[PDB]
Structures are given as structure tokens and as C-alpha cells.
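So this first bit is one chain, no partners, the form deposited in one PDB entry, shown in C-alpha cells.
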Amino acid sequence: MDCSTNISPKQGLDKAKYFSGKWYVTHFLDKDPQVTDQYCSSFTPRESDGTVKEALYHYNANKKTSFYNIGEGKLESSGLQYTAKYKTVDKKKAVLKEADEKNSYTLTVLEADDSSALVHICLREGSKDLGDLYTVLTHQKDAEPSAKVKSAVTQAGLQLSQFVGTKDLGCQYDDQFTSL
């Protein structure tokens, strides 16, 4: 599998709209899933002087367990786009497995407004592309994505109906973890 190629950040995006609040994934489009378990996700991205740091939460909807990461990377000159290396952590943010030089994800912000966002994520290990995901984001669980973000999905060449809606997965979130 190869990550989607026609991906660059929307120029003109306000970083104050993206690096704010927390995000919950309402809809995801996974090209070629790594495993067949389905996940819910929430995360809290912040930026300072070109360096992004984000607390990341995954809930496995099949097994009903959850895992935690902290990503860190630098913003590209293109706009709201960054490649992050990542640590695994426990629910209290104690570090377990350190970040390395071969595992990374590249996140590209396709749209972002006061309530909603559309991002693309390419997860890699070494020379291998492992995950390719588009995610529609909102600031509260089960909030409706804005018309502007729905337009962005259609502008990305995609069909929103072909995404998996997470509402039906029975997602559980750890909002203590994603605070800060």
C-alpha cells in the first residue's frame, strides 16, 4: 500500500483554528486497514515556534480497550503539515516506548474552521507506508461536521458516505487524558 499522493495543506488556513480545543474523529476513510479491528480517536494538538506536540488517544471498538501516544514534529514550509515522531505512553502520560527515527506519521490539514476539520494522515515504518487515513474532526463527541468541511471532503475527490461513521461504533473517550 502507498499513501495518497495528491496531498498538500490548504493555503490560507488559520493555525489558531486547528491548534485549538480537542478533536474527535466523526468519520474515517482507511484505504487498506492494518488490522480489522475498528477504532475511535481523539487528540489535542498544540504548536509553538513551528513545533507541534499532540496527545493522541485510540479506542479499539471491537476489544474495548484503548492506547495512548504523544506525537511531536515540525511544521513544513507548506503550511499546516507536519511529520511527527511518537512515543507510547500510559493513561497518566508516563513514557513507555520512546520515539525513534523510523516510525512517523505525516498529518496534512485540508480544511479547518471554528467547529470542524478535515485532515489526512500517512503512517510509515521505515521505508513502508502502513496507514493512509482521511479523518473528519469535530470539537465535541457526536457534533455534526460543518458544511465547509463536508465541501472539503467532496473537494478532496472523496464521498463522505464511503467513510465509516464512528457514532455507530460505541466509542468511549478518556477526556482526562486529552486535557492538556
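Residue indices: 1-based, along the sequence shown. We call the rigid core whatever largest set of C-alpha positions still superposes within 1.5 Å between the two forms.
The same protein has a further form, the form deposited in another entry, not shown here; the description that follows concerns it.
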Once you overlay the rigid core, does the Cα of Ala147 travel 2 Å or further between this form and the one not shown? no
Please determine whether the C-alpha atom of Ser48 is displaced by 2 Å or more between this form and the one not shown following superposition on the rigid core. no
Shift in CA distance, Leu75 and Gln34, in the other form relative to the form shown here, given it is 3 Å or more: farther
Compare the CA separation of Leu158 and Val35 in the other form with the one in the displayed structure, and answer closer or farther (the difference is at least 3 Å). closer
